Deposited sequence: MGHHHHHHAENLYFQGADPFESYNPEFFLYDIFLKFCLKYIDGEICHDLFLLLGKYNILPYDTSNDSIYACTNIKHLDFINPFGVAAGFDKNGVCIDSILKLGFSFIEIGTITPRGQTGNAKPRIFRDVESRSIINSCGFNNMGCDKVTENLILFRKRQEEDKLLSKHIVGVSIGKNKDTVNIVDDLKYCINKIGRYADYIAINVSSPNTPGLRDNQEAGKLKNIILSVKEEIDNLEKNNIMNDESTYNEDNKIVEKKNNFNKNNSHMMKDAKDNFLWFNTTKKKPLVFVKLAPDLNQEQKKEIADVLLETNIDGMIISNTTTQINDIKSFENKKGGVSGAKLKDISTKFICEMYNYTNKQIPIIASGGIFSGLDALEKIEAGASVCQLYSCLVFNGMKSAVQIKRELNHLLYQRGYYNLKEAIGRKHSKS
């Protein structure tokens, strides 16, 4: 669309505000401002039909296009509608925990524009499962009455409170509160900002976690119209994995994912292993964005092979352009999540990246996105 003729996601004024934000305004404040505008439904909408040749699925989850918003973006589910309506097919709200908590002291989010990278040490700041459940329930009620929202997907990422000893207690609480409203549940065993959380990727611990989560979801129908979500079915179960793993760890994790019949794997969370960004040198936390891209694409290729292509992959890490997305898809991903792209490219990100991917699928000779999945191998 013309950035000057019309209020649409490409509207020029948002690019002027984005440039000002990136130069002058603290990152978490910029993010809060975006969420404030979305909560009040000020943000433009993408009303276009997405190309039928770029749809994708994971089992019965039918994504209308291949781009969603990653976890940590709308932690509290406060502007689900406005984010989706920028042109995304899905959003992963959370990560939530049973009780609300503040997270780590601010400033805890920093950007490096030159390298299109972000570092954060948020520490699972969220309003808590009960309030976020109330938010998701209100979304689901608006969704029943909205032409624009009817087929969009909402997953919920779940984690543990800061002082919880046994993570499964917290995952079960969340499932029993919010699981009926989710299209999928993402198990967060990969935040670098909760000390010890990533230890739960060890095969034995991870297996028990996955089996516990599936058992709790399976019990929702026994204990209890039921599925007040998009699929009208019980939520699928995904695990989100850390990129900072050796090959032995990756291989034992793959074996567990196969053994437990997990529905998908989100590859990947942030990394702790990037140290050539000078403005991050004194900073804690996990790195996102363009310096994560190659690490996470390689990890996709590895896990796709190690699971013999039997476990669908949601790609996360350093996706900015249509080419970046195609690279993820050809590596093995069925669908992409964005986060840093929205920080550095703003309101127009979904409209721009869908168009760029549609042009590449054509230029490369693919009939549709599904035939690209895994084609590198």
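Missing C-alpha coordinates mark the following deposited-sequence intervals, in order: 1-16, 241-275, 429-431.
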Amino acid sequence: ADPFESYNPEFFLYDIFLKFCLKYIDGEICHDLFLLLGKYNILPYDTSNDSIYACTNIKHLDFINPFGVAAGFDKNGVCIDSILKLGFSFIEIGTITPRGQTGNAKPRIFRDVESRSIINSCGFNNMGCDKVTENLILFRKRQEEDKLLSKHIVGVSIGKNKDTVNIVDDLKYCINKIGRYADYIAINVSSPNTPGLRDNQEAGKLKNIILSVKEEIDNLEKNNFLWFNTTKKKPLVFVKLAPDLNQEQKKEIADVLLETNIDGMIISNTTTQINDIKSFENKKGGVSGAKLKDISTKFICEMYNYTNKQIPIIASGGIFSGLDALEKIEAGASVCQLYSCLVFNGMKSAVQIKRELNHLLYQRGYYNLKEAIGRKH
From here on, numbers count along this sequence of modelled residues.
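Superpose the two forms; the largest set of C-alphas matching within 1.5 Å is the rigid core.
Between 143-151 and 203-211, greater CA displacement relative to the shown form is found for 143-151 when the structures in 9 other deposited structures of this protein are fitted on the core.
Larger average C-alpha displacement in 9 other deposited structures of this protein, relative to the shown form after a rigid core fit, is seen for 43-51 when comparing 43-51 with 320-328. Relative to one another, 146-154 and 183-191 have unequal mean CA B-factors, and 146-154 is the one with the higher figure. Stretches 310-318 and 45-53 differ in mean CA B factor, with 45-53 having the higher one. As recorded in the PDB entry, 221 shows the highest C-alpha B-factor of the residues 248, 92, 221, 263. The entry lists C-alpha B-factors for 73, 139, 88, 110, and the highest of these is at 139. Among the modelled residues of its chain, residue 298 has a C-alpha B-factor that falls in the lowest third according to the deposited record. For residue 62, the recorded CA temperature factor ranks within the middle third of the chain's modelled residues.
In the deposited entry, the Cα temperature factor of residue 238 sits in the bottom third of values across the chain's modelled residues. The deposited CA B-factor of residue 115 belongs to the middle third of values across its chain. Remark: residue 196 belongs to the middle third of its chain, ranked by C-alpha B-factor as recorded.
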